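Peer 1: Below is the file final_28.pdb, which contains PDB, C-alpha atoms (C1' of nucleotides).
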```
MODEL        1
ATOM      1  CA  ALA Q   1      48.128 -16.869   1.816
ATOM      2  CA  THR Q   2      49.815 -14.779   4.514
ATOM      3  CA  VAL Q   3      51.433 -11.342   4.708
ATOM      4  CA  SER Q   4      54.940 -10.179   5.624
ATOM      5  CA  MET Q   5      56.092  -7.671   8.237
ATOM      6  CA  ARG Q   6      57.589  -4.819   6.199
ATOM      7  CA  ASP Q   7      54.583  -4.340   3.905
ATOM      8  CA  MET Q   8      52.433  -3.904   7.014
ATOM      9  CA  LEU Q   9      54.831  -1.138   8.042
ATOM     10  CA  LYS Q  10      54.141   0.385   4.616
ATOM     11  CA  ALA Q  11      50.391   0.649   5.238
ATOM     12  CA  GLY Q  12      50.978   2.122   8.693
ATOM     13  CA  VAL Q  13      49.306  -0.534  10.840
ATOM     14  CA  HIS Q  14      51.593   0.448  13.722
ATOM     15  CA  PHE Q  15      50.180   3.976  14.006
ATOM     16  CA  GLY Q  16      47.677   3.499  16.811
ATOM     17  CA  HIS Q  17      45.794   6.145  18.771
ATOM     18  CA  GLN Q  18      47.002   8.533  21.478
ATOM     19  CA  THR Q  19      47.653   7.535  25.075
ATOM     20  CA  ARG Q  20      44.467   9.451  25.910
ATOM     21  CA  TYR Q  21      42.421   6.802  24.103
ATOM     22  CA  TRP Q  22      44.076   3.440  24.755
ATOM     23  CA  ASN Q  23      42.245   0.544  26.375
ATOM     24  CA  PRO Q  24      44.403  -0.931  29.201
ATOM     25  CA  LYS Q  25      43.366  -4.434  28.112
ATOM     26  CA  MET Q  26      45.749  -4.307  25.135
ATOM     27  CA  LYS Q  27      49.003  -3.674  26.999
ATOM     28  CA  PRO Q  28      50.363  -7.037  25.755
ATOM     29  CA  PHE Q  29      50.170  -5.607  22.219
ATOM     30  CA  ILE Q  30      51.836  -2.252  22.879
ATOM     31  CA  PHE Q  31      55.507  -1.910  21.934
ATOM     32  CA  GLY Q  32      56.156   1.604  23.193
ATOM     33  CA  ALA Q  33      54.959   5.209  23.091
ATOM     34  CA  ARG Q  34      56.575   7.127  20.232
ATOM     35  CA  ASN Q  35      55.385  10.706  19.664
ATOM     36  CA  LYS Q  36      52.743  10.311  22.398
ATOM     37  CA  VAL Q  37      50.888   7.621  20.439
ATOM     38  CA  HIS Q  38      50.982   3.888  21.117
ATOM     39  CA  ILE Q  39      52.763   1.736  18.546
ATOM     40  CA  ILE Q  40      51.508  -1.801  17.914
ATOM     41  CA  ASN Q  41      54.027  -4.643  18.183
ATOM     42  CA  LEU Q  42      54.061  -6.196  14.696
ATOM     43  CA  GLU Q  43      55.725  -9.542  15.482
ATOM     44  CA  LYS Q  44      52.720 -10.393  17.661
ATOM     45  CA  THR Q  45      50.353  -9.504  14.827
ATOM     46  CA  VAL Q  46      51.480 -11.843  12.023
ATOM     47  CA  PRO Q  47      51.103 -15.064  13.995
ATOM     48  CA  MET Q  48      47.685 -13.935  15.247
ATOM     49  CA  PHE Q  49      46.975 -12.830  11.681
ATOM     50  CA  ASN Q  50      47.620 -16.408  10.552
ATOM     51  CA  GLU Q  51      45.589 -17.786  13.453
ATOM     52  CA  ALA Q  52      42.680 -15.772  12.070
ATOM     53  CA  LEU Q  53      42.990 -16.575   8.360
ATOM     54  CA  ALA Q  54      43.725 -20.271   8.937
ATOM     55  CA  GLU Q  55      40.584 -20.505  11.076
ATOM     56  CA  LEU Q  56      38.635 -18.523   8.484
ATOM     57  CA  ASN Q  57      39.960 -20.753   5.697
ATOM     58  CA  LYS Q  58      38.343 -23.894   7.120
ATOM     59  CA  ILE Q  59      35.047 -22.045   7.592
ATOM     60  CA  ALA Q  60      35.259 -21.045   3.933
ATOM     61  CA  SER Q  61      36.064 -24.650   3.003
ATOM     62  CA  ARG Q  62      32.754 -26.008   4.299
ATOM     63  CA  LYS Q  63      30.704 -23.779   1.966
ATOM     64  CA  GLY Q  64      30.463 -21.127   4.667
ATOM     65  CA  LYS Q  65      29.147 -17.572   4.503
ATOM     66  CA  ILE Q  66      30.980 -14.800   6.342
ATOM     67  CA  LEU Q  67      30.048 -11.185   7.010
ATOM     68  CA  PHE Q  68      32.156  -8.075   6.396
ATOM     69  CA  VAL Q  69      31.146  -5.211   8.682
ATOM     70  CA  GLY Q  70      32.841  -1.828   8.369
ATOM     71  CA  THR Q  71      31.010   1.456   8.932
ATOM     72  CA  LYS Q  72      33.623   4.235   8.943
ATOM     73  CA  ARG Q  73      34.552   6.601   6.103
ATOM     74  CA  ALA Q  74      37.680   4.564   5.344
ATOM     75  CA  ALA Q  75      35.979   1.237   4.604
ATOM     76  CA  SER Q  76      32.682   2.677   3.346
ATOM     77  CA  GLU Q  77      33.729   1.467  -0.110
ATOM     78  CA  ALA Q  78      36.621  -0.854   0.743
ATOM     79  CA  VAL Q  79      34.291  -3.385   2.356
ATOM     80  CA  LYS Q  80      32.130  -3.535  -0.772
ATOM     81  CA  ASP Q  81      35.236  -3.860  -2.956
ATOM     82  CA  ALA Q  82      36.082  -7.183  -1.314
ATOM     83  CA  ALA Q  83      32.538  -8.503  -0.853
ATOM     84  CA  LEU Q  84      31.217  -9.239  -4.351
ATOM     85  CA  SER Q  85      34.727 -10.031  -5.596
ATOM     86  CA  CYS Q  86      35.191 -12.676  -2.889
ATOM     87  CA  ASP Q  87      31.573 -13.826  -3.270
ATOM     88  CA  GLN Q  88      30.523 -12.827   0.251
ATOM     89  CA  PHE Q  89      28.038 -10.570   2.050
ATOM     90  CA  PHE Q  90      28.385  -7.237   3.822
ATOM     91  CA  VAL Q  91      27.092  -4.022   5.345
ATOM     92  CA  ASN Q  92      29.067  -0.797   5.018
ATOM     93  CA  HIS Q  93      26.899   2.148   6.035
ATOM     94  CA  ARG Q  94      24.460   1.366   8.833
ATOM     95  CA  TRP Q  95      24.376  -1.604  11.190
ATOM     96  CA  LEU Q  96      20.817  -2.092  12.400
ATOM     97  CA  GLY Q  97      20.759  -2.940  16.088
ATOM     98  CA  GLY Q  98      19.316  -6.433  16.021
ATOM     99  CA  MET Q  99      20.518  -7.536  12.602
ATOM    100  CA  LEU Q 100      21.333 -11.064  13.776
ATOM    101  CA  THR Q 101      19.679 -11.372  17.190
ATOM    102  CA  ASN Q 102      16.479  -9.929  15.718
ATOM    103  CA  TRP Q 103      16.927 -11.615  12.345
ATOM    104  CA  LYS Q 104      13.316 -12.806  12.494
ATOM    105  CA  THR Q 105      11.900  -9.316  11.923
ATOM    106  CA  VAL Q 106      14.620  -7.915   9.671
ATOM    107  CA  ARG Q 107      13.946 -10.831   7.325
ATOM    108  CA  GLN Q 108      10.604  -9.110   6.756
ATOM    109  CA  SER Q 109      12.503  -6.108   5.409
ATOM    110  CA  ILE Q 110      14.568  -8.020   2.836
ATOM    111  CA  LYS Q 111      11.495  -9.553   1.186
ATOM    112  CA  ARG Q 112      10.043  -6.036   1.298
ATOM    113  CA  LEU Q 113      13.170  -4.996  -0.605
ATOM    114  CA  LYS Q 114      13.179  -7.790  -3.197
ATOM    115  CA  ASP Q 115       9.672  -6.703  -4.199
ATOM    116  CA  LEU Q 116      11.002  -3.219  -4.963
ATOM    117  CA  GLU Q 117      13.715  -4.388  -7.370
ATOM    118  CA  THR Q 118      11.144  -6.616  -9.077
ATOM    119  CA  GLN Q 119       8.678  -3.733  -9.401
ATOM    120  CA  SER Q 120      11.443  -1.458 -10.702
ATOM    121  CA  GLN Q 121      12.276  -3.762 -13.613
ATOM    122  CA  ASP Q 122       8.913  -4.914 -15.005
ATOM    123  CA  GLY Q 123       7.512  -1.388 -15.101
ATOM    124  CA  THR Q 124       5.267  -1.005 -12.066
ATOM    125  CA  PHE Q 125       6.416   2.526 -11.221
ATOM    126  CA  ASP Q 126       5.685   3.890 -14.696
ATOM    127  CA  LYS Q 127       1.958   3.143 -14.580
ATOM    128  CA  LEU Q 128       1.234   4.927 -11.304
ATOM    129  CA  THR Q 129       1.747   8.521 -10.118
ATOM    130  CA  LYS Q 130       5.149  10.004  -9.258
ATOM    131  CA  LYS Q 131       3.793  10.700  -5.771
ATOM    132  CA  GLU Q 132       3.656   6.953  -5.117
ATOM    133  CA  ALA Q 133       6.642   6.278  -7.389
ATOM    134  CA  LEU Q 134       9.481   8.584  -6.317
ATOM    135  CA  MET Q 135       8.931   8.032  -2.601
ATOM    136  CA  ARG Q 136       8.877   4.281  -3.242
ATOM    137  CA  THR Q 137      12.199   4.623  -5.058
ATOM    138  CA  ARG Q 138      13.515   6.692  -2.155
ATOM    139  CA  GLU Q 139      12.411   3.753  -0.028
ATOM    140  CA  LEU Q 140      14.477   1.535  -2.321
ATOM    141  CA  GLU Q 141      17.727   3.449  -1.765
ATOM    142  CA  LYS Q 142      16.941   3.532   1.952
ATOM    143  CA  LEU Q 143      16.629  -0.261   2.040
ATOM    144  CA  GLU Q 144      19.742  -0.903  -0.060
ATOM    145  CA  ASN Q 145      21.745   1.523   2.074
ATOM    146  CA  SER Q 146      21.721  -1.081   4.849
ATOM    147  CA  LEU Q 147      20.209  -4.347   3.573
ATOM    148  CA  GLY Q 148      21.714  -3.965   0.106
ATOM    149  CA  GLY Q 149      24.591  -6.289   0.931
ATOM    150  CA  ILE Q 150      22.778  -9.082   2.764
ATOM    151  CA  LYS Q 151      19.602  -9.234   0.682
ATOM    152  CA  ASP Q 152      20.813 -12.277  -1.262
ATOM    153  CA  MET Q 153      22.138 -14.116   1.793
ATOM    154  CA  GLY Q 154      19.402 -15.922   3.697
ATOM    155  CA  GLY Q 155      19.687 -16.854   7.353
ATOM    156  CA  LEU Q 156      22.392 -15.657   9.731
ATOM    157  CA  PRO Q 157      26.039 -16.042   8.571
ATOM    158  CA  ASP Q 158      28.540 -18.615   9.848
ATOM    159  CA  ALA Q 159      31.408 -16.250  10.678
ATOM    160  CA  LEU Q 160      32.014 -12.510  10.937
ATOM    161  CA  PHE Q 161      34.855 -10.097  10.122
ATOM    162  CA  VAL Q 162      34.650  -6.683  11.786
ATOM    163  CA  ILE Q 163      36.641  -3.442  11.636
ATOM    164  CA  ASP Q 164      37.117  -1.144  14.647
ATOM    165  CA  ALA Q 165      35.532  -3.074  17.536
ATOM    166  CA  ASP Q 166      34.984   0.100  19.573
ATOM    167  CA  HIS Q 167      32.734   1.586  16.895
ATOM    168  CA  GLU Q 168      31.060  -1.800  16.415
ATOM    169  CA  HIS Q 169      30.303  -2.949  19.965
ATOM    170  CA  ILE Q 170      26.688  -3.465  18.879
ATOM    171  CA  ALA Q 171      27.842  -5.720  16.041
ATOM    172  CA  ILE Q 172      30.207  -8.027  17.919
ATOM    173  CA  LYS Q 173      27.826  -8.329  20.863
ATOM    174  CA  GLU Q 174      25.118  -9.723  18.586
ATOM    175  CA  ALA Q 175      27.573 -12.423  17.509
ATOM    176  CA  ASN Q 176      28.316 -13.142  21.180
ATOM    177  CA  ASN Q 177      24.639 -13.758  21.948
ATOM    178  CA  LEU Q 178      24.571 -16.306  19.123
ATOM    179  CA  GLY Q 179      28.007 -17.881  19.383
ATOM    180  CA  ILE Q 180      29.099 -16.752  15.924
ATOM    181  CA  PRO Q 181      32.918 -16.510  15.660
ATOM    182  CA  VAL Q 182      34.344 -12.982  15.552
ATOM    183  CA  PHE Q 183      37.433 -11.908  13.588
ATOM    184  CA  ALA Q 184      38.184  -8.305  14.486
ATOM    185  CA  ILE Q 185      40.785  -5.761  13.466
ATOM    186  CA  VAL Q 186      41.019  -4.410  16.998
ATOM    187  CA  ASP Q 187      42.663  -1.025  17.445
ATOM    188  CA  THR Q 188      44.290   0.429  20.570
ATOM    189  CA  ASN Q 189      41.004   2.073  21.577
ATOM    190  CA  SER Q 190      38.797  -0.992  21.093
ATOM    191  CA  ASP Q 191      38.225  -3.859  23.530
ATOM    192  CA  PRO Q 192      39.721  -7.320  22.775
ATOM    193  CA  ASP Q 193      37.712  -9.195  25.420
ATOM    194  CA  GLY Q 194      34.657  -9.605  23.215
ATOM    195  CA  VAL Q 195      36.456 -11.034  20.199
ATOM    196  CA  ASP Q 196      37.198 -14.696  19.483
ATOM    197  CA  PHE Q 197      40.202 -13.763  17.335
ATOM    198  CA  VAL Q 198      41.839 -10.366  17.799
ATOM    199  CA  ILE Q 199      44.176  -8.692  15.309
ATOM    200  CA  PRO Q 200      45.992  -5.638  16.764
ATOM    201  CA  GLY Q 201      46.388  -2.934  14.131
ATOM    202  CA  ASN Q 202      45.393   0.503  12.854
ATOM    203  CA  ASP Q 203      42.153   0.816  10.887
ATOM    204  CA  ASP Q 204      42.117   4.565  10.221
ATOM    205  CA  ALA Q 205      43.853   4.320   6.836
ATOM    206  CA  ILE Q 206      42.400   3.231   3.491
ATOM    207  CA  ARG Q 207      45.659   1.552   2.463
ATOM    208  CA  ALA Q 208      45.863  -0.269   5.799
ATOM    209  CA  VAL Q 209      42.355  -1.733   5.659
ATOM    210  CA  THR Q 210      42.734  -2.992   2.083
ATOM    211  CA  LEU Q 211      45.873  -4.823   3.191
ATOM    212  CA  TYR Q 212      43.670  -6.573   5.751
ATOM    213  CA  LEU Q 213      40.472  -7.584   3.973
ATOM    214  CA  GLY Q 214      42.300  -7.810   0.661
ATOM    215  CA  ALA Q 215      44.326 -10.645   2.168
ATOM    216  CA  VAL Q 216      41.296 -12.394   3.686
ATOM    217  CA  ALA Q 217      39.720 -12.229   0.235
ATOM    218  CA  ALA Q 218      42.500 -14.580  -0.837
ATOM    219  CA  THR Q 219      41.990 -17.058   1.999
ATOM    220  CA  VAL Q 220      38.236 -17.214   1.391
ATOM    221  CA  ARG Q 221      38.994 -18.038  -2.244
ATOM    222  CA  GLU Q 222      41.327 -20.743  -0.929
ATOM    223  CA  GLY Q 223      38.317 -22.209   0.846
ATOM    224  CA  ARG Q 224      36.192 -21.940  -2.293
ATOM    225  CA  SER Q 225      38.739 -24.017  -4.210
TER     226      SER Q 225
ATOM    227  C1'   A I   1     -25.354  -5.709  38.710
ATOM    228  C1'   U I   2     -25.395  -4.926  32.812
ATOM    229  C1'   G I   3     -26.013  -4.620  26.999
ATOM    230  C1'   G I   4     -27.020  -1.053  23.678
ATOM    231  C1'   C I   5     -26.576   4.153  23.119
ATOM    232  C1'   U I   6     -24.697   9.152  24.482
ATOM    233  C1'   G I   7     -21.705  13.434  26.506
ATOM    234  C1'   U I   8     -16.898  14.881  27.757
ATOM    235  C1'   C I   9     -11.185  15.442  27.956
ATOM    236  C1'   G I  10     -10.776  16.506  22.252
ATOM    237  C1'   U I  11     -10.866  16.569  16.209
ATOM    238  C1'   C I  12      -6.321  17.507  21.507
ATOM    239  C1'   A I  13      -2.262  14.211  18.613
ATOM    240  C1'   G I  14      -1.340  11.188  20.612
ATOM    241  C1'   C I  15      -2.014   5.467  22.199
ATOM    242  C1'   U I  16       0.179   0.584  22.008
ATOM    243  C1'   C I  17       1.984  -4.083  20.343
ATOM    244  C1'   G I  18       5.541  -8.179  18.067
ATOM    245  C1'   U I  19      10.736  -9.181  18.083
ATOM    246  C1'   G I  20      15.404  -7.828  19.722
ATOM    247  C1'   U I  21      18.143  -5.346  23.510
ATOM    248  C1'   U I  22      19.474  -2.937  28.509
ATOM    249  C1'   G I  23      18.248  -3.567  33.828
ATOM    250  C1'   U I  24      17.885  -8.461  39.669
ATOM    251  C1'   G I  25      13.144  -5.835  39.068
ATOM    252  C1'   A I  26       8.926  -2.337  38.533
ATOM    253  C1'   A I  27      10.100  -0.852  33.440
ATOM    254  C1'   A I  28      13.083   1.379  29.434
ATOM    255  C1'   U I  29      14.339   1.629  24.464
ATOM    256  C1'   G I  30      11.213   2.060  19.985
ATOM    257  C1'   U I  31       7.704   6.995  20.772
ATOM    258  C1'   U I  32      14.722  10.464  22.503
ATOM    259  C1'   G I  33      17.683  14.229  19.616
ATOM    260  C1'   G I  34      18.533  18.262  15.010
ATOM    261  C1'   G I  35      14.938  20.770  11.761
ATOM    262  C1'   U I  36       9.836  20.856  10.075
ATOM    263  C1'   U I  37       4.463  20.603  10.166
ATOM    264  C1'   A I  38      -2.181  21.889  11.467
ATOM    265  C1'   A I  39      -0.267  16.554  12.881
ATOM    266  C1'   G I  40       5.144  10.756  16.902
ATOM    267  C1'   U I  41       3.604  14.853   9.068
ATOM    268  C1'   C I  42       8.073  13.977   6.817
ATOM    269  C1'   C I  43      13.680  13.671   6.507
ATOM    270  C1'   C I  44      18.523  12.546   8.775
ATOM    271  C1'   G I  45      20.909  10.542  12.945
ATOM    272  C1'   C I  46      20.172   6.460  16.412
ATOM    273  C1'   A I  47      19.839  -0.439  19.990
ATOM    274  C1'   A I  48      16.916  -0.231  17.589
ATOM    275  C1'   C I  49      14.043  -3.062  13.519
ATOM    276  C1'   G I  50       8.993  -3.274  11.945
ATOM    277  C1'   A I  51       3.481  -3.412  12.426
ATOM    278  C1'   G I  52      -1.447  -1.773  14.042
ATOM    279  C1'   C I  53      -5.431   1.966  16.080
ATOM    280  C1'   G I  54      -5.021   7.267  14.998
ATOM    281  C1'   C I  55      -3.401  12.068  11.469
ATOM    282  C1'   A I  56      -3.649  12.482   6.268
ATOM    283  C1'   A I  57      -6.395  10.450   1.885
ATOM    284  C1'   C I  58     -10.464   7.816   0.062
ATOM    285  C1'   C I  59     -16.933  10.258   1.158
ATOM    286  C1'   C I  60     -20.504  14.635   0.484
ATOM    287  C1'   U I  61     -21.119  19.610  -0.782
ATOM    288  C1'   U I  62     -19.440  24.460  -2.748
ATOM    289  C1'   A I  63     -16.100  27.575  -6.432
ATOM    290  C1'   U I  64     -13.960  26.780 -13.038
ATOM    291  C1'   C I  65     -14.610  24.576 -17.586
ATOM    292  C1'   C I  66     -15.884  20.476 -21.014
ATOM    293  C1'   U I  67     -19.006  16.167 -22.844
ATOM    294  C1'   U I  68     -24.305  14.246 -22.617
ATOM    295  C1'   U I  69     -30.125  15.485 -22.051
ATOM    296  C1'   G I  70     -33.831  19.629 -22.816
ATOM    297  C1'   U I  71     -39.852  18.381 -19.806
ATOM    298  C1'   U I  72     -43.576  21.423 -16.644
ATOM    299  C1'   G I  73     -36.966  24.411 -17.330
ATOM    300  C1'   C I  74     -34.403  28.711 -20.211
ATOM    301  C1'   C I  75     -34.755  33.184 -24.361
ATOM    302  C1'   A I  76     -29.744  34.722 -27.485
ATOM    303  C1'   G I  77     -30.210  34.342 -33.123
ATOM    304  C1'   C I  78     -35.465  35.207 -36.228
ATOM    305  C1'   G I  79     -41.389  35.910 -36.951
ATOM    306  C1'   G I  80     -46.700  37.397 -34.737
ATOM    307  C1'   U I  81     -47.472  40.453 -30.237
TER     308        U I  81
ENDMDL
END
```
Would you write the structure of this file as structure tokens?
Peer 2:
Amino acid sequence: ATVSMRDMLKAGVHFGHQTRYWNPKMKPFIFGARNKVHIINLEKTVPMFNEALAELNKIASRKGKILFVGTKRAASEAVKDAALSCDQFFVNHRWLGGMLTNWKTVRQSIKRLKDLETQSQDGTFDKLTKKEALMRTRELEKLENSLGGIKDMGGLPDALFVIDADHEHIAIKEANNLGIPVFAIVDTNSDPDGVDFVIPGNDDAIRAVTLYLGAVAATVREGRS
RNA sequence: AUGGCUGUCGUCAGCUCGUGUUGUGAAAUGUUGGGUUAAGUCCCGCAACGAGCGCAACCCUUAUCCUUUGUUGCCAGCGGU
């Protein structure tokens, strides 16, 4: 249910950012400065990695629903790969400011969406003009581009897994105003002071991210057993 | 002192709200930006997400044809003038 040290070195989780982009609040996680870029100390990661998955395993044991939030080009598809396979929810393209804190109004949008899939199956678009049809279908891809992963959820999730905390300060802050636990893959540029459970590591690699959420897909299945 | 009604800015494209969020606060954000349009018209991006009054459309008339009717309307195809 855990990962080893050498395979993490294979995915390049030690390759952080330059010294021109590091957040001074992560000095306890910096080994040294090789080639002018900070290198993450791996032996500090694995225990904190297990502190995260063990905590996430109990949340998954009580029939809990977690959220996978990754917006960058690396996890634009990787997040979805884990989601439906691990029976969870997600967002991968656009995080609407006020997705959880303003859940009362965004819930209006998901019912607005579920009407579109229903009208697309029975044959409601093939009785009216293309003027009203094609723009309504373009409204359907617009709504599934963001709400397509949390349409079949209902209510705000129990926990939350986020990638690149710097790029998702609007996401983790919404969980802080609710008290929802945060499991972040914090990088050298991000801030660790807003996360409940930090995991120092690189996120700018498709093989690195799949090593992360691919592993948490196993622990969530351990909770669903 | 007012209702009703009316002009005007101006048929100019703007004016706001709910919720969330930022700020001690007045307020801001949304409604900013890149293009576009007659138009916060539309698209993308975005701590914004949506909704309403507007704009547009639905109304009337005019320009084309078809179906239906032919009086007191009209005169091609045929007779008497």
Peer 1: Could you list the residues in chain I lying within 12 Å of chain Q, using all atoms listed in the file, and format the result as a PyMOL selection string?
Peer 2: chain I and resi 18-21+29-30+42-51
Peer 1: Quick one: distance from CA of residue 190 in chain Q to CA of residue 55 in chain Q in Å, one decimal?
Peer 2: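 Interatomic distance, CA of residue 190 in chain Q to CA of residue 55 in chain Q: 22.0 Å.
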Peer 1: Nearest to residue 41 in chain I among I:53, I:58, I:28, I:13, with distances taken over all atoms listed in the file: which residue is it?
Peer 2: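 Looking at the shortest contact to residue 41 in chain I, the residue is I:13.
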Peer 1: If you count only C-alpha atoms (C1' of nucleotides), which residues fall within 8 Å of range 192-199 of chain Q, apart from same-chain ones fewer than 2 positions away, as a PyMOL selection string?
Peer 2: chain Q and resi 25-26+45+48-49+51-52+165+172-173+176+181-186+190+201
Peer 1: At a cut-off of 8 Å, using all atoms listed in the file, what residues contact residue 80 in chain Q? Leave out same-chain residues fewer than 5 positions from it and give the result as a PyMOL selection string.
Peer 2: chain Q and resi 90-92
Peer 1: Residues within 12 Å of residue 142 in chain Q, please, as a ChimeraX atom specification. Count all atoms listed in the file; anything in the same chain fewer than 5 positions from it doesn't count.
Peer 2: /Q:93-94,109-110,112-113,116,135-137,147-148 /I:43-44
Peer 1: So what do you get for CA of residue 78 in chain Q versus CA of residue 211 in chain Q, distance-wise?
Peer 2: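 Separating CA of residue 78 in chain Q from CA of residue 211 in chain Q is a distance of 10.4 Å.
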Peer 1: In Å, how far is it from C1' of residue 59 in chain I to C1' of residue 8 in chain I?
Peer 2: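 Atom-to-atom, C1' of residue 59 in chain I and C1' of residue 8 in chain I are spaced 27.0 Å apart.
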Peer 1: Evaluate the PyMOL selection byres ((chain Q and resi 65) around 6) here and jot the selected residues down as a ChimeraX atom specification.
Peer 2: /Q:64,66,157-158
Peer 1: Enclose all atoms of range 72-89 of chain Q listed in the file in an axis-aligned box, grow every side by 5 Å, and hand back centre and edge lengths in Å to one decimal, as lines of an AutoDock Vina configuration file.
Peer 2:
```
center_x = 32.9
center_y = -3.6
center_z = 1.7
size_x = 19.6
size_y = 30.4
size_z = 24.5
```
Peer 1: Show which residues sit within 12 Å of residue 27 in chain Q, as a list in words. Count all atoms listed in the file, and ignore same-chain residues fewer than 5 positions away.
Peer 2: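 Final neighbour list, sorted by chain and number: residues 19, 22, 32, 33, 38, 39, 40, 41, 187, 188, 189, 191, 192 and 200 of chain Q.
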Peer 1: Return the single residue from Q:123, Q:16, Q:47, Q:149 that is closest to residue 69 in chain Q, with distances computed using all atoms listed in the file.
Peer 2: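 Ranked by minimum distance to residue 69 in chain Q, first place goes to Q:149.
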Peer 1: N, CA, C and O atoms for range 127-138 of chain Q, written as a PDB file, in the coordinates of the input, could you do that?
Peer 2:
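Final output, saved to rebuild06.pdb:
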```
ATOM      1  N   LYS Q 127       3.373   3.302 -14.265  1.00  0.00           N
ATOM      2  CA  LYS Q 127       1.958   3.143 -14.580  1.00  0.00           C
ATOM      3  C   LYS Q 127       1.179   3.927 -13.531  1.00  0.00           C
ATOM      4  O   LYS Q 127       0.026   4.303 -13.744  1.00  0.00           O
ATOM      5  N   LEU Q 128       1.834   4.179 -12.402  1.00  0.00           N
ATOM      6  CA  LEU Q 128       1.234   4.927 -11.304  1.00  0.00           C
ATOM      7  C   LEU Q 128       1.857   6.319 -11.181  1.00  0.00           C
ATOM      8  O   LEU Q 128       2.838   6.631 -11.859  1.00  0.00           O
ATOM      9  N   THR Q 129       1.281   7.149 -10.317  1.00  0.00           N
ATOM     10  CA  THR Q 129       1.747   8.521 -10.118  1.00  0.00           C
ATOM     11  C   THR Q 129       3.150   8.627  -9.526  1.00  0.00           C
ATOM     12  O   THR Q 129       3.628   7.704  -8.864  1.00  0.00           O
ATOM     13  N   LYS Q 130       3.803   9.761  -9.771  1.00  0.00           N
ATOM     14  CA  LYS Q 130       5.149  10.004  -9.258  1.00  0.00           C
ATOM     15  C   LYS Q 130       5.125  10.171  -7.742  1.00  0.00           C
ATOM     16  O   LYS Q 130       6.144   9.989  -7.073  1.00  0.00           O
ATOM     17  N   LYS Q 131       3.960  10.528  -7.210  1.00  0.00           N
ATOM     18  CA  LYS Q 131       3.793  10.700  -5.771  1.00  0.00           C
ATOM     19  C   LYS Q 131       4.097   9.358  -5.106  1.00  0.00           C
ATOM     20  O   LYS Q 131       4.878   9.276  -4.156  1.00  0.00           O
ATOM     21  N   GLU Q 132       3.480   8.305  -5.635  1.00  0.00           N
ATOM     22  CA  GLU Q 132       3.656   6.953  -5.117  1.00  0.00           C
ATOM     23  C   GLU Q 132       4.966   6.339  -5.614  1.00  0.00           C
ATOM     24  O   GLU Q 132       5.556   5.482  -4.952  1.00  0.00           O
ATOM     25  N   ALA Q 133       5.420   6.794  -6.778  1.00  0.00           N
ATOM     26  CA  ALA Q 133       6.642   6.278  -7.389  1.00  0.00           C
ATOM     27  C   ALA Q 133       7.947   6.743  -6.745  1.00  0.00           C
ATOM     28  O   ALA Q 133       8.678   5.942  -6.161  1.00  0.00           O
ATOM     29  N   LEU Q 134       8.241   8.035  -6.859  1.00  0.00           N
ATOM     30  CA  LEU Q 134       9.481   8.584  -6.317  1.00  0.00           C
ATOM     31  C   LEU Q 134       9.736   8.377  -4.830  1.00  0.00           C
ATOM     32  O   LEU Q 134      10.894   8.327  -4.410  1.00  0.00           O
ATOM     33  N   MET Q 135       8.688   8.262  -4.018  1.00  0.00           N
ATOM     34  CA  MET Q 135       8.931   8.032  -2.601  1.00  0.00           C
ATOM     35  C   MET Q 135       9.171   6.539  -2.387  1.00  0.00           C
ATOM     36  O   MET Q 135       9.795   6.134  -1.405  1.00  0.00           O
ATOM     37  N   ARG Q 136       8.677   5.724  -3.317  1.00  0.00           N
ATOM     38  CA  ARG Q 136       8.877   4.281  -3.242  1.00  0.00           C
ATOM     39  C   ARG Q 136      10.298   3.959  -3.696  1.00  0.00           C
ATOM     40  O   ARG Q 136      10.888   2.964  -3.272  1.00  0.00           O
ATOM     41  N   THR Q 137      10.841   4.807  -4.566  1.00  0.00           N
ATOM     42  CA  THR Q 137      12.199   4.623  -5.058  1.00  0.00           C
ATOM     43  C   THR Q 137      13.157   5.140  -3.987  1.00  0.00           C
ATOM     44  O   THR Q 137      14.278   4.647  -3.851  1.00  0.00           O
ATOM     45  N   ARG Q 138      12.706   6.138  -3.233  1.00  0.00           N
ATOM     46  CA  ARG Q 138      13.515   6.692  -2.155  1.00  0.00           C
ATOM     47  C   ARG Q 138      13.478   5.715  -0.988  1.00  0.00           C
ATOM     48  O   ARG Q 138      14.279   5.802  -0.055  1.00  0.00           O
TER      49      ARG Q 138
END
```
